[PDB]
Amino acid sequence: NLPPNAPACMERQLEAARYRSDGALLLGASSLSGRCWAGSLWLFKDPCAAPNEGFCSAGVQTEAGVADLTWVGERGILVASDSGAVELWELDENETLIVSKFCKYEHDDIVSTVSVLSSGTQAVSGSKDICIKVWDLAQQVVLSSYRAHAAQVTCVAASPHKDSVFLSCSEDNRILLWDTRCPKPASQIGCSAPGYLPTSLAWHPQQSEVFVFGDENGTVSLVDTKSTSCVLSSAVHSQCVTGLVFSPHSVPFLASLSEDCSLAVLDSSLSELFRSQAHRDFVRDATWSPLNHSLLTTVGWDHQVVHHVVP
């Protein structure tokens, strides 16, 4: 038996997978092919039940496809839609239904990336319209609209504990370090050589000045904001690095997602420890379990929810 309001069929192409502090798994699916080209939001209190529709906790269908997803506290869900709107969907008191809070069409093109800031009251969004908007989740409006890049914004990542600091990368070969406290917030950083276009961004959960980025060639690089010159880099994948996620350990492990249908686990020196080719399609999002820190759940366009045992 499936919960009320939830659809009978889940969309084939899985884009997002995010674990909530209690252990509940949040899923973001999109219909990229076929007659209908919309998206859907799903919640699983039992992570092993996914991707089965009739074994979920809450379900709803959005008007357009889901490009990116992020947890807003414990009930709010921020959606990066193709319609050009940044949506917010709040979970009800019984946690059985997913109701819409706001749907504001501010971006002129597909919103490809979203990241909630340290406080949880503000959030940042990157779209194909080259713009980066700072949102106010309580007032449901845009505080600041920025056009610093020259091409489509690929990834936006809010710093772990700073409300003013956030990273942004685009197809214009620019990695910008932001600080809303500055008159000119953006700042161009990276390696000595321009190299290949940046695709993914990940802040270190312990070091507030260190971060990692993946390029379109499959290379993952360790960057320090102070040195502004790349110290360590390794060719992890054969194709574009989709995303990078850190484990909740005191000494964090780095999970690398790519279009080459493989997932890799790296240490502090970016050395390969674990590799899985279980996915038949593009690995889109990875999430570490808050209960079992050695467990990592990944989703792909092949409608698969694979739970990995990281040694």
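Don't overthink the numbering: it's just position in the shown sequence, from 1. Rigid core: the largest C-alpha set superposing within 1.5 Å between the two forms.
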property: Higher C-alpha RMS shift from the shown form in 6 other deposited structures of this protein - 182-190 or 163-171, rigid core fit; result: 182-190
property: Mean C-alpha B-factor comparison - 108-116 and 95-103, higher one; result: 95-103
property: Stretch with the higher entry mean CA B-factor, where the candidates are 178-186 and 216-224; result: 216-224
property: Selection by C-alpha B-factor (highest) of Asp82, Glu90, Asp129, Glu171; result: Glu90
property: Ranked C-alpha temperature factor of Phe282 among modelled chain residues, by third; result: lowest
property: CA B-factor placement of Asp46, once the chain's modelled residues are sorted into thirds; result: highest
property: Lowest, middle or highest third - CA B-factor, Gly76; result: middle
property: Chain-relative CA temperature factor third for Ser164; result: lowest
property: Third of chain Cα B-factors occupied by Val66; result: middle
